[PDB]
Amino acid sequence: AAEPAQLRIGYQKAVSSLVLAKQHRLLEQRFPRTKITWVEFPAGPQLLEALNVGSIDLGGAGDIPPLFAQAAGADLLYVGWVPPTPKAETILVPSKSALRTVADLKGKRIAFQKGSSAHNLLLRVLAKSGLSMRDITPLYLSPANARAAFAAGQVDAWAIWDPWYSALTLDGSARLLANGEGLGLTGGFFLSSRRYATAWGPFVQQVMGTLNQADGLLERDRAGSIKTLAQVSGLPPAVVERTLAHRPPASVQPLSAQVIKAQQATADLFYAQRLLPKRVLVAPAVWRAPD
């Protein structure tokens, strides 16, 4: 039964299970006739941009990047859903800051990756305090660049995820102002080019199956995962351990009805909030393999 000659799969190092899947060569083991090429991206929108120009054909992101890609005319497929890790989606403020509530974010400069989960996190948390995206000043910055801005004192707050959350709260750089708990965050997705998933559905399904198993390493191989992740990232083991503490299991699985509806609701909310140029229809982009 035929399999593709190559999988250029995008990933974000923040996703510990993918780092491990990569390190442990899980896909290579499962697919010995496929060249597995892991391509790192700083965040989701970057990975999505790459998917759209064909630099990768599969990759993981938060819920928001594919909505922005779709809005921009990307003909992508949702092929897998990753449960949310709301403790790991955070708004941080410099620890020296007098900001102590979400309300205090009004009129502040908030760094975040545009079109990432953080964008949604910020929108949702701001909304609870009667603040919209127009009540803050966004600094649209990739994680590394936001980290530099935050270190330079150029940001009042930063909507970001692990490991930055763990790293900066543990070393005293940041205070947690809010996380994603209580928001019914959707989680994230594995996205595919439509051609690749159409050509190689079973394979894509099996890839998801293998990635699904990778997430389990964090629990069933905690101490080894910590050692490996710390080693690979250069992060302190204590930081790595804290990132694992913030995560329940979040293994990639098929999109359920509620997940797809939740993603549409987010699409609708972004459009309603004038954050997307087009209304996005999620369902036509949803894929599931036969079986």
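Start at 1 with the first residue shown and count on from there.
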note = Once average C-alpha B-factors are taken from the entry for 233 to 241 and 58 to 66, the winner is 233 to 241
task = Please work out which of 155 to 163 and 197 to 205 has the higher mean CA B-factor as recorded in the PDB entry.
result = 197 to 205
inquiry  = According to the Cα B-factor stored in this entry, which of the following is highest: 46, 264, 256, 225?
reply    = 225
remark   = The residue of 219, 104, 135, 89 with the maximal C-alpha B-factor according to the PDB record is 219
ask   = Against its chain's modelled residues, does residue 9's Cα B factor rank lowest, middle or highest third?
value = lowest
request  = Among all modelled residues of this chain, ranked by Cα B factor, put residue 269 in the bottom, middle or top third, i.e. lowest, middle or highest.
outcome  = middle
query = Hey, what third does residue 281 fall into on Cα B-factor, ranked over its chain?
reply = middle
key: Ranked C-alpha temperature factor of residue 250 among modelled chain residues, by third   = highest
note = The third of the chain into which the C-alpha temperature factor of residue 139 falls is the middle
